[PDB]
Amino acid sequence: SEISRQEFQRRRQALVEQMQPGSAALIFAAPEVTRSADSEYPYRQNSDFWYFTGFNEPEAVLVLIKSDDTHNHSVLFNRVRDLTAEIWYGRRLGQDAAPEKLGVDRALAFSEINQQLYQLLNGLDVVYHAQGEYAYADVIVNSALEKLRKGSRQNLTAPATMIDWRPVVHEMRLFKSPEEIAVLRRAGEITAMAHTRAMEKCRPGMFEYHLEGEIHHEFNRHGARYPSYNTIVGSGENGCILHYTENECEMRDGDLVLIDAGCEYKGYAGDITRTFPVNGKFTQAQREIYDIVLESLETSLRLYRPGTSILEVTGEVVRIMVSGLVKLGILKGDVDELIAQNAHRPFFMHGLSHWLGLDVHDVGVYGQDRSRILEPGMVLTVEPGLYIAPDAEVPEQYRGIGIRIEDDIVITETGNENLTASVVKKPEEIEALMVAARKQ
Ligand SMILES: [Mn+2]
Ligand SMILES: [Mn+2]
């Protein structure tokens, strides 16, 4: 699945629609990033730029100009085609194929941007710019405006009003279209298949990074070349570290292993977290902590729908965590009192949900304490967890236990759709899965 050319145009129009007459929106592409010396990291396009263009190239600037309520055109600045640069690095689009390929009106050379941009801005009243996003962008836009302020003798005028378009654009990215939901849906299946794979390959003696390998390979097998974020494979005490990415330790029999890994498919992120026994059989202590986290997840999945909020559902989860923690001796006291004093924080110290989209931790306003009312189109993760420090003053059997069980969902008109439910989470199911795999 993917975003059709019709859709990028629709997005560009949706933004233009909100623009004031006599203005221009400048959206810059992401700079190339060094990994070491004359080596660069696999290029990743700025998410906002990509959202409107789907163009995976550096040194590109999309300009949307709006004259009035029905008159608007677009200018794209991108790299000039060049034969030496194309024999070495990859094929470029160039100004000639650009207008047709990217659905833009005019396509100029990036090398000409400083000679061209001020001409495009001259005479307008407003210019939408994400000031501070990129330093190279700030230099360009500022000198275009300084040329305009300084050239009144040449009859040039600079738009006195600058407006950040991020709030507007991010508010748009917050609500997914059916096309996007279809992409994310695939991102979910791919990530789910990867998680199922790790569970089936896991054996005591294997290193944590080995499961990172199996996960990344499965991503690749379905056309998702890169992970949306750095893979977490924390076994034993490592599972207590939220973003444990070193994955350097040998997975031992008896310990649990928490895998937090997601694929990047057509620019969209997949978040899945699954915790399971390295040996395929949960101990009673492990099962006791797991059940509380699983109930938090299952209940939240049941609760999430239009009308509620992340804050509201989180309350139901805190309640479940405290109740369960008291029953095991991890917490001591009256449930309602412990709740009121937020007694779960030393064990569950992060949010229950984040927006999900082009960025794992997607854009979009949450509202104070993430209280915003959920509406159809919003896509989020559902990820309860309990991390009992190795030196926590609680019954020994719970020390060094880290468990998270994260699903990705879409708020539908009546409830929500679970994009990552194709990878098992119930303990009997996880055990059955691992046992079936260990035959062969
Ligand atoms: Mn997440
Ligand atoms: Mn995650």
# chains A, B, ... in the order shown; residues from 1 in each chain; ligands from 1
>>> residues_near_ligand(ligand="ligand 2", cutoff="7 Å", atoms="only C-alpha atoms and all ligand atoms", output="ChimeraX atom specification")
/A:260-261,271-273,406
>>> residues_near_ligand(ligand="ligand 1", cutoff="10 Å", atoms="only C-alpha atoms and all ligand atoms", output="count of residues only")
27
>>> select_by_dssp(residues="region 352-426 of chain A", states="strand (DSSP E)", output="short mmCIF file (atom, residue, chain, number, x, y, z; two decimals) with N, CA and C atoms, in the first residue's frame")
data_model
loop_
_atom_site.label_atom_id
_atom_site.label_comp_id
_atom_site.auth_asym_id
_atom_site.auth_seq_id
_atom_site.Cartn_x
_atom_site.Cartn_y
_atom_site.Cartn_z
N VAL A 379 -4.22 7.87 15.61
CA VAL A 379 -3.51 6.60 15.71
C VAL A 379 -2.53 6.70 16.87
N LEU A 380 -2.59 5.72 17.77
CA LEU A 380 -1.73 5.73 18.96
C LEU A 380 -1.29 4.35 19.39
N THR A 381 -0.29 4.33 20.27
CA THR A 381 0.22 3.08 20.82
C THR A 381 -0.49 2.84 22.16
N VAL A 382 -0.50 1.59 22.62
CA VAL A 382 -1.12 1.25 23.90
C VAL A 382 -0.16 0.41 24.74
N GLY A 385 3.37 -1.05 31.26
CA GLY A 385 4.54 -1.81 31.64
C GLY A 385 4.85 -1.68 33.11
N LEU A 386 5.61 -2.64 33.65
CA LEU A 386 6.03 -2.62 35.04
C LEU A 386 7.50 -2.99 35.10
N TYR A 387 8.28 -2.12 35.73
CA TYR A 387 9.71 -2.33 35.85
C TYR A 387 10.12 -2.31 37.32
N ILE A 388 10.37 -3.51 37.85
CA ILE A 388 10.78 -3.66 39.24
C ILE A 388 12.31 -3.66 39.31
N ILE A 401 12.63 -7.36 37.11
CA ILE A 401 11.62 -7.81 36.16
C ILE A 401 11.13 -6.58 35.40
N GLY A 402 11.25 -6.64 34.08
CA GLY A 402 10.81 -5.54 33.24
C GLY A 402 9.87 -6.12 32.22
N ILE A 403 8.64 -5.61 32.18
CA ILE A 403 7.65 -6.11 31.24
C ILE A 403 6.82 -5.00 30.59
N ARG A 404 6.76 -5.01 29.26
CA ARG A 404 5.96 -4.06 28.49
C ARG A 404 5.26 -4.86 27.39
N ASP A 407 0.93 -2.54 21.65
CA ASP A 407 0.04 -2.57 20.49
C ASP A 407 -0.22 -1.18 19.92
N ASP A 408 -0.47 -1.13 18.61
CA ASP A 408 -0.75 0.12 17.91
C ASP A 408 -2.20 0.08 17.49
N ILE A 409 -2.92 1.17 17.71
CA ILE A 409 -4.34 1.20 17.35
C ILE A 409 -4.80 2.45 16.63
N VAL A 410 -5.94 2.32 15.96
CA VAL A 410 -6.56 3.42 15.23
C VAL A 410 -7.93 3.63 15.84
N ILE A 411 -8.25 4.87 16.18
CA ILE A 411 -9.55 5.18 16.75
C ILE A 411 -10.57 5.15 15.61
N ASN A 416 -11.96 1.10 18.21
CA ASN A 416 -10.61 1.19 17.69
C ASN A 416 -10.26 -0.10 16.97
N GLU A 417 -9.29 -0.02 16.06
CA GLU A 417 -8.84 -1.20 15.34
C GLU A 417 -7.41 -1.46 15.76
N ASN A 418 -7.13 -2.70 16.14
CA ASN A 418 -5.79 -3.10 16.59
C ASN A 418 -4.97 -3.61 15.41
#
>>> residues_around(residues="residue 131 (chain A)", least_positions_apart="6", cutoff="9 Å", atoms="only C-alpha atoms", output="PyMOL selection string")
chain A and resi 137-138+141+162-164
>>> residues_around(residues="region 331-348 of chain A", least_positions_apart="6", cutoff="12 Å", atoms="only C-alpha atoms", output="JSON list (two decimals) with N, CA, C and O atoms, in the first residue's frame")
[["chain", "number", "residue", "atom", "x", "y", "z"],
["A", 240, "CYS", "N", 14.56, -3.53, 32.55],
["A", 240, "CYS", "CA", 14.16, -2.47, 33.49],
["A", 240, "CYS", "C", 14.57, -1.11, 32.97],
["A", 240, "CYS", "O", 14.13, -0.07, 33.48],
["A", 241, "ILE", "N", 15.42, -1.12, 31.95],
["A", 241, "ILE", "CA", 15.90, 0.10, 31.30],
["A", 241, "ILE", "C", 14.99, 0.29, 30.10],
["A", 241, "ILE", "O", 15.03, -0.50, 29.16],
["A", 242, "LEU", "N", 14.15, 1.32, 30.16],
["A", 242, "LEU", "CA", 13.19, 1.63, 29.10],
["A", 242, "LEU", "C", 13.72, 1.52, 27.67],
["A", 242, "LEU", "O", 13.22, 0.73, 26.87],
["A", 289, "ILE", "N", 3.52, -10.63, 37.38],
["A", 289, "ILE", "CA", 3.75, -9.25, 36.93],
["A", 289, "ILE", "C", 3.16, -9.09, 35.53],
["A", 289, "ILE", "O", 2.52, -8.08, 35.22],
["A", 292, "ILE", "N", -0.71, -8.42, 35.25],
["A", 292, "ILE", "CA", -1.13, -7.06, 35.58],
["A", 292, "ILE", "C", -0.97, -6.17, 34.36],
["A", 292, "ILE", "O", -1.87, -5.40, 34.03],
["A", 293, "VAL", "N", 0.16, -6.32, 33.67],
["A", 293, "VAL", "CA", 0.45, -5.54, 32.47],
["A", 293, "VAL", "C", -0.50, -5.93, 31.33],
["A", 293, "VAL", "O", -1.01, -5.06, 30.62],
["A", 296, "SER", "N", -3.90, -4.50, 31.93],
["A", 296, "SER", "CA", -3.89, -3.06, 31.67],
["A", 296, "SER", "C", -4.09, -2.85, 30.17],
["A", 296, "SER", "O", -4.91, -2.03, 29.75],
["A", 314, "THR", "N", -5.65, 6.04, 31.25],
["A", 314, "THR", "CA", -4.48, 5.86, 32.09],
["A", 314, "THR", "C", -4.89, 5.69, 33.56],
["A", 314, "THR", "O", -4.25, 4.94, 34.30],
["A", 315, "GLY", "N", -5.97, 6.36, 33.95],
["A", 315, "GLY", "CA", -6.47, 6.26, 35.31],
["A", 315, "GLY", "C", -6.91, 4.84, 35.61],
["A", 315, "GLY", "O", -6.62, 4.30, 36.68],
["A", 316, "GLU", "N", -7.61, 4.25, 34.66],
["A", 316, "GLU", "CA", -8.10, 2.88, 34.78],
["A", 316, "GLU", "C", -6.93, 1.92, 34.90],
["A", 316, "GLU", "O", -7.02, 0.89, 35.56],
["A", 317, "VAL", "N", -5.83, 2.26, 34.23],
["A", 317, "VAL", "CA", -4.62, 1.44, 34.22],
["A", 317, "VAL", "C", -3.85, 1.55, 35.53],
["A", 317, "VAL", "O", -3.37, 0.54, 36.04],
["A", 318, "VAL", "N", -3.72, 2.78, 36.03],
["A", 318, "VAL", "CA", -3.02, 3.00, 37.30],
["A", 318, "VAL", "C", -3.74, 2.16, 38.36],
["A", 318, "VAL", "O", -3.12, 1.38, 39.08],
["A", 319, "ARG", "N", -5.07, 2.26, 38.35],
["A", 319, "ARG", "CA", -5.93, 1.51, 39.26],
["A", 319, "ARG", "C", -5.62, 0.02, 39.22],
["A", 319, "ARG", "O", -5.44, -0.61, 40.26],
["A", 320, "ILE", "N", -5.55, -0.54, 38.02],
["A", 320, "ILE", "CA", -5.25, -1.96, 37.86],
["A", 320, "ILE", "C", -3.85, -2.28, 38.39],
["A", 320, "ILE", "O", -3.67, -3.26, 39.10],
["A", 321, "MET", "N", -2.88, -1.43, 38.08],
["A", 321, "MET", "CA", -1.51, -1.65, 38.53],
["A", 321, "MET", "C", -1.37, -1.64, 40.06],
["A", 321, "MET", "O", -0.74, -2.53, 40.64],
["A", 322, "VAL", "N", -1.97, -0.64, 40.70],
["A", 322, "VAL", "CA", -1.94, -0.53, 42.15],
["A", 322, "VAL", "C", -2.61, -1.74, 42.81],
["A", 322, "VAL", "O", -2.01, -2.39, 43.67],
["A", 323, "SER", "N", -3.83, -2.06, 42.37],
["A", 323, "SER", "CA", -4.57, -3.21, 42.89],
["A", 323, "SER", "C", -3.71, -4.47, 42.83],
["A", 323, "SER", "O", -3.56, -5.18, 43.83],
["A", 324, "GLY", "N", -3.15, -4.72, 41.66],
["A", 324, "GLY", "CA", -2.32, -5.89, 41.46],
["A", 324, "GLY", "C", -1.04, -5.85, 42.27],
["A", 324, "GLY", "O", -0.63, -6.87, 42.81],
["A", 325, "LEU", "N", -0.41, -4.68, 42.36],
["A", 325, "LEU", "CA", 0.84, -4.55, 43.12],
["A", 325, "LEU", "C", 0.66, -4.75, 44.62],
["A", 325, "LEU", "O", 1.59, -5.20, 45.31],
["A", 383, "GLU", "N", 0.61, 1.21, 25.45],
["A", 383, "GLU", "CA", 1.81, 0.38, 25.96],
["A", 383, "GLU", "C", 2.12, 0.46, 27.57],
["A", 383, "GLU", "O", 3.27, 1.34, 28.12],
["A", 384, "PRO", "N", 1.30, -0.33, 28.40],
["A", 384, "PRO", "CA", 1.47, -0.47, 29.85],
["A", 384, "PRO", "C", 2.72, -1.31, 30.13],
["A", 384, "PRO", "O", 3.11, -2.14, 29.32],
["A", 385, "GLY", "N", 3.37, -1.05, 31.26],
["A", 385, "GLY", "CA", 4.54, -1.81, 31.64],
["A", 385, "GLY", "C", 4.85, -1.68, 33.11],
["A", 385, "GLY", "O", 4.40, -0.74, 33.76],
["A", 386, "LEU", "N", 5.61, -2.64, 33.65],
["A", 386, "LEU", "CA", 6.03, -2.62, 35.04],
["A", 386, "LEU", "C", 7.50, -2.99, 35.10],
["A", 386, "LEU", "O", 7.92, -4.02, 34.56],
["A", 387, "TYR", "N", 8.28, -2.12, 35.73],
["A", 387, "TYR", "CA", 9.71, -2.33, 35.85],
["A", 387, "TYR", "C", 10.12, -2.31, 37.32],
["A", 387, "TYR", "O", 10.17, -1.25, 37.96],
["A", 388, "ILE", "N", 10.37, -3.51, 37.85],
["A", 388, "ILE", "CA", 10.78, -3.66, 39.24],
["A", 388, "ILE", "C", 12.31, -3.66, 39.31],
["A", 388, "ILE", "O", 12.94, -4.66, 38.97],
["A", 389, "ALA", "N", 12.89, -2.56, 39.77],
["A", 389, "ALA", "CA", 14.34, -2.43, 39.88],
["A", 389, "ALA", "C", 14.97, -3.65, 40.58],
["A", 389, "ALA", "O", 14.34, -4.31, 41.40],
["A", 390, "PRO", "N", 16.23, -3.99, 40.22],
["A", 390, "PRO", "CA", 16.92, -5.13, 40.82],
["A", 390, "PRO", "C", 17.14, -4.96, 42.33],
["A", 390, "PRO", "O", 17.25, -5.93, 43.07],
["A", 392, "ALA", "N", 15.03, -3.09, 44.22],
["A", 392, "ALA", "CA", 13.78, -2.58, 44.75],
["A", 392, "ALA", "C", 13.47, -3.28, 46.07],
["A", 392, "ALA", "O", 13.76, -4.48, 46.22],
["A", 393, "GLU", "N", 12.94, -2.55, 47.04],
["A", 393, "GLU", "CA", 12.59, -3.15, 48.32],
["A", 393, "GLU", "C", 11.22, -3.79, 48.21],
["A", 393, "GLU", "O", 10.21, -3.20, 48.59],
["A", 394, "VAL", "N", 11.20, -4.99, 47.64],
["A", 394, "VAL", "CA", 9.98, -5.75, 47.44],
["A", 394, "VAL", "C", 10.40, -7.22, 47.54],
["A", 394, "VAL", "O", 11.59, -7.52, 47.66],
["A", 395, "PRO", "N", 9.43, -8.15, 47.52],
["A", 395, "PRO", "CA", 9.78, -9.57, 47.60],
["A", 395, "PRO", "C", 10.80, -9.89, 46.49],
["A", 395, "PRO", "O", 10.60, -9.53, 45.33],
["A", 398, "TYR", "N", 10.48, -10.63, 42.48],
["A", 398, "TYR", "CA", 10.05, -9.62, 41.51],
["A", 398, "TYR", "C", 11.17, -8.67, 41.10],
["A", 398, "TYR", "O", 11.00, -7.84, 40.21],
["A", 399, "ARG", "N", 12.31, -8.78, 41.78],
["A", 399, "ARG", "CA", 13.44, -7.91, 41.50],
["A", 399, "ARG", "C", 14.06, -8.18, 40.13],
["A", 399, "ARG", "O", 14.29, -9.33, 39.74],
["A", 400, "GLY", "N", 14.28, -7.09, 39.39],
["A", 400, "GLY", "CA", 14.86, -7.17, 38.06],
["A", 400, "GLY", "C", 13.90, -7.70, 37.00],
["A", 400, "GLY", "O", 14.31, -8.44, 36.11],
["A", 401, "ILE", "N", 12.63, -7.36, 37.11],
["A", 401, "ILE", "CA", 11.62, -7.81, 36.16],
["A", 401, "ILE", "C", 11.13, -6.58, 35.40],
["A", 401, "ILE", "O", 10.70, -5.58, 35.99],
["A", 402, "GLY", "N", 11.25, -6.64, 34.08],
["A", 402, "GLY", "CA", 10.81, -5.54, 33.24],
["A", 402, "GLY", "C", 9.87, -6.12, 32.22],
["A", 402, "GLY", "O", 10.23, -7.03, 31.48],
["A", 403, "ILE", "N", 8.64, -5.61, 32.18],
["A", 403, "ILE", "CA", 7.65, -6.11, 31.24],
["A", 403, "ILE", "C", 6.82, -5.00, 30.59],
["A", 403, "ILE", "O", 6.25, -4.16, 31.29],
["A", 404, "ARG", "N", 6.76, -5.01, 29.26],
["A", 404, "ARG", "CA", 5.96, -4.06, 28.49],
["A", 404, "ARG", "C", 5.26, -4.86, 27.39],
["A", 404, "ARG", "O", 5.82, -5.82, 26.87]]
>>> select_by_dssp(residues="region 109-161 of chain A", states="helix (DSSP H, G or I)", output="ChimeraX atom specification")
/A:110-121,135-150
>>> atom_distance(atom1="CA of residue 427 (chain A)", atom2="CA of residue 282 (chain A)")
7.6 Å
>>> closest_residue(among="A:215, A:15, A:182, A:285", to="residue 198 (chain A)", atoms="only C-alpha atoms")
A:215
>>> closest_residue(among="A:14, A:263, A:93, A:158", to="residue 184 (chain A)", atoms="only C-alpha atoms")
A:263
>>> residues_around(residues="residue 104 (chain A)", least_positions_apart="2", cutoff="12 Å", atoms="only C-alpha atoms", output="JSON, numbers by chain")
{"A": [5, 8, 9, 12, 13, 52, 53, 55, 61, 62, 63, 64, 65, 72, 73, 74, 75, 76, 77, 78, 95, 96, 97, 98, 99, 100, 101, 102, 106, 107, 108]}
>>> atom_distance(atom1="CA of residue 69 (chain A)", atom2="CA of residue 17 (chain A)")
7.7 Å
>>> residues_around(residues="residue 202 (chain A)", least_positions_apart="3", cutoff="9 Å", atoms="only C-alpha atoms", output="PyMOL selection string")
chain A and resi 197-199+205-206+210-211+251+278-280+434
>>> write_last_selection(atoms="N, CA, C and O atoms", output="compact mmCIF listing (two decimals), in the first residue's frame")
# COMPACT_ATOMS: atom_id res chain seq x y z
N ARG A 197 8.66 -13.90 14.95
CA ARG A 197 9.88 -14.56 14.54
C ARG A 197 10.90 -14.62 15.67
O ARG A 197 11.44 -15.69 15.97
N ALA A 198 11.13 -13.49 16.31
CA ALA A 198 12.06 -13.42 17.43
C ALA A 198 11.67 -14.46 18.49
O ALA A 198 12.50 -15.24 18.94
N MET A 199 10.38 -14.50 18.84
CA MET A 199 9.86 -15.46 19.82
C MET A 199 10.13 -16.90 19.40
O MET A 199 10.42 -17.74 20.26
N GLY A 205 21.27 -18.80 25.48
CA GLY A 205 22.62 -18.90 24.95
C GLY A 205 22.83 -17.89 23.83
O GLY A 205 23.96 -17.48 23.55
N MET A 206 21.74 -17.53 23.16
CA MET A 206 21.80 -16.56 22.08
C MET A 206 21.94 -15.19 22.70
O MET A 206 21.49 -14.97 23.82
N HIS A 210 21.17 -10.96 18.62
CA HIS A 210 20.74 -11.97 17.65
C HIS A 210 19.26 -11.84 17.32
O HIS A 210 18.84 -12.09 16.19
N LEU A 211 18.46 -11.46 18.31
CA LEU A 211 17.03 -11.27 18.11
C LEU A 211 16.79 -9.96 17.37
O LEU A 211 15.75 -9.76 16.74
N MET A 251 21.34 -13.92 26.41
CA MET A 251 20.04 -14.24 27.00
C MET A 251 20.14 -15.55 27.78
O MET A 251 20.51 -16.58 27.21
N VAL A 278 12.73 -16.28 27.88
CA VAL A 278 13.81 -16.77 27.03
C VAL A 278 13.74 -18.30 26.85
O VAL A 278 14.17 -18.82 25.82
N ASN A 279 13.19 -19.01 27.83
CA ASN A 279 13.07 -20.47 27.75
C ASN A 279 11.69 -20.98 27.33
O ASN A 279 11.44 -22.19 27.36
N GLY A 280 10.79 -20.06 26.99
CA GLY A 280 9.46 -20.45 26.55
C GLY A 280 8.43 -20.84 27.59
O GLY A 280 7.33 -21.25 27.23
N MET A 434 6.18 -20.68 21.19
CA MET A 434 7.56 -21.10 21.38
C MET A 434 7.74 -22.61 21.37
O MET A 434 8.68 -23.11 20.76
>>> atom_distance(atom1="CA of residue 396 (chain A)", atom2="CA of residue 254 (chain A)")
14.7 Å
>>> residues_around(residues="region 363-376 of chain A", least_positions_apart="4", cutoff="7 Å", atoms="only C-alpha atoms", output="ChimeraX atom specification")
/A:170-171,173-174,305-311,355,411-413
>>> write_last_selection(atoms="N, CA, C and O atoms", output="PDB file, in the first residue's frame")
ATOM      1  N   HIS A 170       0.959  19.624  11.642  1.00  0.00           N
ATOM      2  CA  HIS A 170       0.944  18.544  12.619  1.00  0.00           C
ATOM      3  C   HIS A 170      -0.461  18.181  13.046  1.00  0.00           C
ATOM      4  O   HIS A 170      -0.745  17.020  13.318  1.00  0.00           O
ATOM      5  N   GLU A 171      -1.355  19.166  13.018  1.00  0.00           N
ATOM      6  CA  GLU A 171      -2.761  18.939  13.348  1.00  0.00           C
ATOM      7  C   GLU A 171      -3.372  18.090  12.217  1.00  0.00           C
ATOM      8  O   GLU A 171      -4.271  17.283  12.445  1.00  0.00           O
ATOM      9  N   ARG A 173      -1.472  15.901  10.302  1.00  0.00           N
ATOM     10  CA  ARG A 173      -0.866  14.577  10.428  1.00  0.00           C
ATOM     11  C   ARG A 173      -1.516  13.756  11.544  1.00  0.00           C
ATOM     12  O   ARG A 173      -1.447  12.524  11.538  1.00  0.00           O
ATOM     13  N   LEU A 174      -2.152  14.446  12.491  1.00  0.00           N
ATOM     14  CA  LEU A 174      -2.814  13.795  13.613  1.00  0.00           C
ATOM     15  C   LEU A 174      -3.981  12.914  13.172  1.00  0.00           C
ATOM     16  O   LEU A 174      -4.271  11.888  13.789  1.00  0.00           O
ATOM     17  N   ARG A 305     -11.752   4.629  22.583  1.00  0.00           N
ATOM     18  CA  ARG A 305     -12.798   4.951  21.602  1.00  0.00           C
ATOM     19  C   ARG A 305     -12.969   6.458  21.591  1.00  0.00           C
ATOM     20  O   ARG A 305     -12.391   7.157  22.419  1.00  0.00           O
ATOM     21  N   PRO A 306     -13.795   6.980  20.664  1.00  0.00           N
ATOM     22  CA  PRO A 306     -14.007   8.426  20.615  1.00  0.00           C
ATOM     23  C   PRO A 306     -14.731   8.853  21.896  1.00  0.00           C
ATOM     24  O   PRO A 306     -15.588   8.129  22.408  1.00  0.00           O
ATOM     25  N   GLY A 307     -14.351  10.008  22.426  1.00  0.00           N
ATOM     26  CA  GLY A 307     -14.978  10.507  23.635  1.00  0.00           C
ATOM     27  C   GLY A 307     -14.084  10.443  24.855  1.00  0.00           C
ATOM     28  O   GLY A 307     -14.114  11.350  25.689  1.00  0.00           O
ATOM     29  N   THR A 308     -13.307   9.368  24.981  1.00  0.00           N
ATOM     30  CA  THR A 308     -12.396   9.210  26.117  1.00  0.00           C
ATOM     31  C   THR A 308     -11.090   9.925  25.775  1.00  0.00           C
ATOM     32  O   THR A 308     -10.994  10.585  24.743  1.00  0.00           O
ATOM     33  N   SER A 309     -10.096   9.814  26.648  1.00  0.00           N
ATOM     34  CA  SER A 309      -8.807  10.445  26.404  1.00  0.00           C
ATOM     35  C   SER A 309      -7.709   9.527  26.904  1.00  0.00           C
ATOM     36  O   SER A 309      -7.985   8.459  27.447  1.00  0.00           O
ATOM     37  N   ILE A 310      -6.462   9.932  26.703  1.00  0.00           N
ATOM     38  CA  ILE A 310      -5.339   9.134  27.163  1.00  0.00           C
ATOM     39  C   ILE A 310      -5.263   9.232  28.687  1.00  0.00           C
ATOM     40  O   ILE A 310      -4.900   8.270  29.361  1.00  0.00           O
ATOM     41  N   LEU A 311      -5.656  10.383  29.223  1.00  0.00           N
ATOM     42  CA  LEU A 311      -5.641  10.603  30.663  1.00  0.00           C
ATOM     43  C   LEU A 311      -6.665   9.693  31.348  1.00  0.00           C
ATOM     44  O   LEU A 311      -6.351   8.991  32.313  1.00  0.00           O
ATOM     45  N   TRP A 355       0.932   9.364  20.192  1.00  0.00           N
ATOM     46  CA  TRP A 355       0.538   9.417  18.787  1.00  0.00           C
ATOM     47  C   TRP A 355       1.512   8.607  17.937  1.00  0.00           C
ATOM     48  O   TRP A 355       2.703   8.536  18.246  1.00  0.00           O
ATOM     49  N   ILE A 411      -8.246   4.873  16.178  1.00  0.00           N
ATOM     50  CA  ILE A 411      -9.549   5.179  16.746  1.00  0.00           C
ATOM     51  C   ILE A 411     -10.571   5.152  15.611  1.00  0.00           C
ATOM     52  O   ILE A 411     -10.453   5.916  14.653  1.00  0.00           O
ATOM     53  N   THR A 412     -11.518   4.219  15.672  1.00  0.00           N
ATOM     54  CA  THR A 412     -12.550   4.134  14.647  1.00  0.00           C
ATOM     55  C   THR A 412     -13.782   4.882  15.131  1.00  0.00           C
ATOM     56  O   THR A 412     -13.780   5.446  16.227  1.00  0.00           O
ATOM     57  N   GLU A 413     -14.840   4.851  14.328  1.00  0.00           N
ATOM     58  CA  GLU A 413     -16.077   5.551  14.659  1.00  0.00           C
ATOM     59  C   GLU A 413     -16.764   5.001  15.915  1.00  0.00           C
ATOM     60  O   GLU A 413     -17.373   5.760  16.671  1.00  0.00           O
TER      61      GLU A 413
END
